[PDB]
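Ideal geometry is used to build each Cβ from the backbone, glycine not excepted, and the neighbour counts take in all protein chains shown. Each reported figure results from applying straightforward, stated rules to the coordinates on display, with no laboratory input.
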RNA sequence: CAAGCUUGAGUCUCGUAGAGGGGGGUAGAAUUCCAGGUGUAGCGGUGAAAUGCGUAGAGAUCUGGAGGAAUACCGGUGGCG
């Protein structure tokens with residue numbers, strides 16, 4: 001569920017996937033953070049144990065809200 | 001029982017203070033909501049949290065509008081009944 005995002009990420013390099021599924025390739029964490037920032041989105045570590053770790057560009061708050069919404073609705 | 005008397009009690013005149021009552025108008029602050037601009041990943045809450053809300057862009061900021069409810073300061077062993 002919970003993913004670490006943005007500056008919480010410690011990986012030197014990550015494989016980057018953008019908000020639409022475009023495979024941006026291997027990028028330094030710094031460049032990945034720049035791309036996320038220019039798009040006003042978050043850099044989310046979706047696959048911490050992949051080699052190299054996989055990050056997805058997305059709105060973390062919107063993603064998390066929808067996930068919690070889904071869980072709650074299906075149980076009431 | 002009858003006549004009175006004016007101090008009790010009323011009536012008259014002119015003023016005073018008051019959130020006293022009833023009706024009708026109207027005002028500026030705020031909350032919530034609606035519509036937009038800027039902005040971007042959090043907001044919110046607690047002892048700590050989680051539920052909740054936010055990338056269908058929240059919260060924060062600026063703008064316009066709707067609506068209801070109550071009237072900060074004045075304000076006080078102040079006032080009225």
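Checked against the criterion of being loosely packed, with under 14 Cβ neighbours inside 10 Å and outside any helix (DSSP H, G or I), region A:55-67 contains not a single residue that satisfies it.
None of A:22, A:42 is within 24 Å of residue A:67 (Cα to Cα) and either more than 10 Å from RNA strand B (Cβ to nearest atom) or surrounded by fewer than 18 Cβ atoms within 10 Å (Cβ to Cβ) (or both) except A:22.
When region A:25-39 is filtered for residues that are away from RNA strand B (no atom under 11 Å from the Cβ), assigned to a helix (DSSP H, G or I) and free of Cβ contacts under 8 Å to residues at least 12 places away in the same chain, the ones remaining, listed by number, are A:30, A:31, A:34. Just so you know, in region A:48-71 the residues that are in contact (Cβ under 8 Å) with a residue 40 or more places away in the chain and over 13 Å from the mean Cα position of the chain (by Cα) include one that is nearest to RNA strand B (Cβ to nearest atom), and it is A:67. Here residue A:12 meets the list (1) in contact with a helix residue (DSSP H, G or I) (Cβ under 7 Å, 6 or more places away or on another chain); (2) surrounded by 11 or more Cβ atoms within 10 Å (Cβ to Cβ) almost entirely, failing just condition (2). Residue A:5 meets the conditions (1) farther than 11 Å from residue A:56 by Cβ; (2) touching a helix residue (DSSP H, G or I) at 6+ places or on another chain (Cβ under 7 Å); (3) within 9 Å of RNA strand B (Cβ to nearest atom) in every case but one. The failed one is (1).
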